[PDB]
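Listed next as structure tokens is one chain, alone, in the form solved without the partner chain.
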């Protein structure tokens, strides 16, 4: 379904890329998005898919747009427009100056000071989950580790029951990779339906969990409102349930398919942090955007106020202009350039927790299960959206080659 071409968009810039179901998805989602960087494609194109929107295809433009919030507003950050308009999470739906005050509060619940504190719980859960899987010689990685590890850590931090995960995970997924049964607005309202009573309960009787902290927090000297707290907690839930969860699967899929890279990290464990960064570049997975605040000429293209522009965070690091041999995974890559965690004033606030979860996973998995592979005859299928992922990741290994710590 292609939307009618707006009067100001020239046909030579039309490239009908569908961010929710890209044409070359079978080759891997990053590969599918990379088609936007083929020689015949302009730096900035217009797709008639998903209501019609621009797409910046090179790191230079992506970075410039994320820095220029005066022209590229985060008030409507998602495609399609209905989703971008319903999207009201804090701080993401706000532009500076208003946005700034809320970042400090979010940092208090998912920032570094919180990670170093959860250190032991994170370490222990990773080891427990992996040791239980180790003797089985197989696992469905997405449901057996990728989901439970980061999600249970988030539910613990947020003080929410693990039995609520199926419902919350479903809702979160409808906001990033909708199956069609719910509009973004309906999923958002359902998430708020869940959160409102909890936020009120915790404003009445404060706990030490993340929701209590946000709900009773202050923003630049004054009390946060119940509405603001809800809009912030909603965002934290999405971040905890649909980011690292997907990234871990892209990384494990790659390691399962590349014995040489596994051996490198097994023989030189000190390279894991660097490997984490290279994997974050190669398997970057987020793509949201902004809305034009006024008519603006950007890199020779006339943009109109109201136009939506997708600025794929995923593409910067895959841009050959930023990293040579972009599809290659080089743990010794000198300068790892990427915008995987964003760029500009909205730089990811959960990246410290994310890196910890990634590094702990790499270390603890390779320590116990150094040799593993994709299950016999399995064809790994990816899924695309605001956050891309892996549909299923069946892995196998010989228990005799494992180590119980």
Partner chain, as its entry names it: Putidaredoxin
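Residue numbers count along the first chain shown, from 1.
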query	finding
Mean C-alpha B-factor comparison - 384-392 and 17-25, higher one	17-25
Selected stretch [higher average CA B-factor]: 155-163 or 246-254	155-163
Criterion, highest CA B-factor; candidates, 293, 74, 313, 201	201
Residue of maximum C-alpha B factor among 84, 240, 306, 269, per deposited coordinates	269
Third of the chain, ranked by Cα B-factor, where residue 331 sits	highest
Residue 378 - Cα temperature factor, lowest/middle/highest third of chain	highest
Chain-wide C-alpha B factor ranking for residue 340, given as lowest, middle or highest third	lowest
Residue 140 - Cα temperature factor, lowest/middle/highest third of chain	middle
Residue 188 CA temperature factor, ranked by third within the chain	middle
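Same protein, other form: the form deposited with the partner chain bound, not shown, and the subject of what follows.
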{"property": "Contact assignment for the partner chain in the entry with it bound, among 345, 373, 337, 60, heavy atom within 4.5 Å", "result": "345"}
{"property": "Contact assignment for the partner chain in the entry with it bound, among 103, 231, 71, 262, heavy atom within 4.5 Å", "result": "103"}
{"property": "Stretch in contact in the entry with it bound with the partner chain, which is absent here, among 32-40, 351-359, 376-384, 52-60 (heavy atoms within 4.5 Å)", "result": "351-359"}
{"property": "Contact of residue 116 with the partner chain in the entry with it bound (heavy atom, 4.5 Å)", "result": "yes"}
{"property": "Partner proximity in the entry with it bound: residue 183 to the partner chain, non-hydrogen atom cutoff 4.5 Å", "result": "no"}
{"property": "Contact flag, residue 226 vs the partner chain in the entry with it bound, heavy atom cut 4.5 Å", "result": "no"}
{"property": "Residue contact check: residue 112 to the partner chain in the entry with it bound, 4.5 Å heavy atom", "result": "yes"}
